[PDB]
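The structure appears below as structure tokens.
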Amino acid sequence: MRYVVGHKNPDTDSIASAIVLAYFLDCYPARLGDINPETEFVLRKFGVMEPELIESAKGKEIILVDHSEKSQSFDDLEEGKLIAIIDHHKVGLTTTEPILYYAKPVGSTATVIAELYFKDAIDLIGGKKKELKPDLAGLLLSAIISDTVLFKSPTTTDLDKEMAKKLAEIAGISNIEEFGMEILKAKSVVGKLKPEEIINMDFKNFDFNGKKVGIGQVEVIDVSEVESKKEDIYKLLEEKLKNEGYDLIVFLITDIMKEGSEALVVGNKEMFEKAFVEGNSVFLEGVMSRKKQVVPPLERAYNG
Amino acid sequence: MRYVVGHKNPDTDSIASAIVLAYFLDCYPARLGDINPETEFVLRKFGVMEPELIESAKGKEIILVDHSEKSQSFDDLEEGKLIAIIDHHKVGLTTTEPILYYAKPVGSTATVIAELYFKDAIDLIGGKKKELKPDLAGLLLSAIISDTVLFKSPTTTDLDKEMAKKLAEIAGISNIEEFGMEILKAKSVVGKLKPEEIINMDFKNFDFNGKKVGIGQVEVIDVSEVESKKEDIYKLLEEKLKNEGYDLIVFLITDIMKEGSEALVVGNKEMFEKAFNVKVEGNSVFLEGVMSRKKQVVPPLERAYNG
Ligand SMILES: [Mn+2]
Ligand SMILES: [Mn+2]
Ligand SMILES: [Mn+2]
Ligand SMILES: [Mn+2]
């Protein structure tokens with residue numbers, strides 16, 4: 001009756017935070033979509049099973065992790081009962097009743113959970129005060145690394161590193177740098193998938209001043225792979241744009257090594273141009289984080 | 001600079017939480033409105049000075065306590081630098097960037113702060129591990145009692161009681177029940193005030209799916225005097241409705257002993273009747289067991305509006 005769920009097109013933070021929190025809250029973990037390769041890698045590595053799929057909150061109690069935007073959560077959230085939101089994004093969700101809300105401007109939701117655990121404050125968000133086994137500690141570690149892109153992303157903070165170090169200990173990972181590289185590789189395999197799989201792997205929806213806007217992403221070590229599919233990708237996006245009523249779609253081809261992204265712009269390029277473009281896209285040096293470096297200047301332009 | 005501020009038409013929770021958190025965060029305490037009789041009583045009691053009054057957030061770093069609603073905060077909140085929100089109400093504010101946000105559905109903001117304090121985790125929200133002196137412990141205590149209406153309100157949780165007992169110990173308050181009776185008599189004096197004062201003393205404004213709704217409230221031990229002003233109060237609420245463009249206004253005459261509220265309904269009566277599965281006879285209705293605005297009135301009403 002009570003579930004912990006991350007956002008649609010869940011990433012590692014959403015799956016790991018849901019699983020670990022469900023453990024401390026003594027309820028059910030779940031996912032609002034399929035898990036990507038990087039997550040499949042981690043769950044398999046630490047021996048944790050994939051959470052059950054959930055698509056409707058109707059008649060259920062829900063704890064949301066890693067997001068606060070209706071567009072990224074249940075469509076029928078109102079028909080269920082929101083219990084809590086543990087996140088690290090800007091406040092985007094409004095509620096009708098008091099809920100347990102805990103957000104911090106850090107690198108991942110796992111970082112937030114972990115800090116509460118080591119600080120002996122898990123009970124502050126309903127946690128039962130149980131031990132954090134190495135398998136779960138491995139999930140949280142992977143979430144931090146996944147979310148911060150091995151501490152290279154500008155959303156990375158001191159708390160993120162400090163927590164990674166501690167979790168790495170309980171998890172038994174001696175070389176975070178190397179384990180992290182393994183994670184960055186699993187993240188990269190997305191490039192070998194079909195264009196449709198690539199776009200729907202990590203796409204997020206936003207509502208900037210009434211205009212539906214989507215921002216997808218791909219994070220690879222070597223962009224060569226995705227670039228050969230770029231044309232087909234950009235094509236499927238133009239279709240998605242018109243067929244699903246988007247006013248704009250930004251697709252980030254993030255090069256992990258150059259720490260910058262090629263931003264494919266679909267739809268209202270004017271707004272994009274006003275927010276930050278020769279033809280297909282443009283490269284944005286140093287841009288890696290959607291939430292930190294792309295959503296803000298974009299929302300600022302739609303309601304300004 | 002950095003300020004910790006409560007909401008417009010401040011109650012004791014808003015004042016105490018602003019002062020105490022400011023003390024822990026080492027910044028300036030402040031208020032968005034005038035202090036009510038109950039708070040004046042509580043402040044004088046623990047020898048604590050009244051927080052400075054401010055009105056504009058422009059150029060200020062803000063930390064909001066006890067509220068998450070634009071229409072209850074600075075008119076220019078946006079022009080300020082929102083640092084954090086420590087509350088116990090529903091989420092009503094969206095932010096432009098990640099922020100420290102900590103809200104628990106307990107009886108008061110004071111409860112949240114105290115729980116962080118005793119767990120030695122005040123640093124989780126920026127605290128500086130300072131010691132809670134008896135005077136400030138007394139304010140938190142007063143805030144809890146005030147917000148829960150002496151643990152009578154359904155927002156009251158075990159945490160609220162647990163925290164109250166520990167705070168009473170520090171503040172040197174041997175009998176919480178007796179002190180609470182005083183606080184309850186303090187809320188009641190509002191009933192003695194003129195209609196206009198009773199209306200503005202604890203009026204909250206909201207945005208429900210684009211609609212401007214107002215929910216005021218008065219809590220008394222003997223409602224008879226407020227009832228003798230009910231008529232005049234209603235007229236004023238009718239004027240407030242059309243002049244300030246409210247889609248709906250509800251004023252709760254809360255009977256502390258019967259633990260219920262007589263709701264005065266102005267404007268969109270239909271939406272109200274829908275919200276509470278009850279048709280209104282006249283311009284008001286008594287809601288049995290209803291004492292909490294945030295837990296019993298806002299939820300069904302905002303759900304009706306956007307639903
Ligand atoms: Mn995520
Ligand atoms: Mn995350
Ligand atoms: Mn208040
Ligand atoms: Mn309060």
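Just so you know, the numbers here start at 1 and follow the chain as drawn.
Just so it is clear, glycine is given a Cβ too, placed from its N, Cα and C backbone atoms.
The Mn(2+) 1 binding site feature in Swiss-Prot is assigned to B:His7, B:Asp11, B:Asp66; the stated evidence is similarity to another entry. Look at B:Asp11 (Mn(2+) 1 binding site): DSSP puts it in coil.
Per Swiss-Prot, the feature Mn(2+) 2 binding site maps to B:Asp13, B:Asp66, B:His88, B:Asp147. Residues within less than 8 Å, Cβ to Cβ, of B:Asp13 (Mn(2+) 2 binding site) and separated from it by at least 6 positions along the same chain comprise B:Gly6, B:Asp66, B:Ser108, B:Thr109, B:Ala110, B:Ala143, B:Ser146, B:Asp147.
When other Cβ atoms within 10 Å of the Cβ of B:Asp11 (Mn(2+) 1 binding site) are tallied across all protein chains shown, the result is 24. In this structure the C-alpha atoms belonging to B:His7 (Mn(2+) 1 binding site) and B:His88 (Mn(2+) 2 binding site) are separated by 13 Å. Around the Cβ of B:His88 (Mn(2+) 2 binding site), the same chain contributes B:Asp66, B:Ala103, B:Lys104, B:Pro105, B:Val106, B:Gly107, B:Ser108, B:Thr109, B:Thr111, B:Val112, B:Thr155, B:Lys294, each under 8 angstroms and 6 or more positions distant in sequence. The Mn(2+) 2 site, placed at the center of the C-beta atoms of B:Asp13, B:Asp66, B:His88, B:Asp147, has further neighbours from the same chain whose C-beta lies within 8 angstroms: B:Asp11, B:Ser14, B:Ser17, B:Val65, B:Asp87, B:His89, B:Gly107, B:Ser108, B:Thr109, B:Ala110, B:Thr111, B:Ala143. In this entry, B:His88 stand out among the binding-site residues B:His7, B:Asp11, B:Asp13, B:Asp66, B:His88, B:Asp147 as having a C-beta under 8 A from a C-beta of chain A. For B:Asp66 (Mn(2+) 1 binding site), the number of other Cβ atoms no farther than 10 Å from its own Cβ, over all displayed protein chains, is 30. Taking the binding-site residues B:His7, B:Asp147 in turn, the residue surrounded by the fewest other Cβ atoms inside 10 Å of its Cβ turns out to be B:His7.
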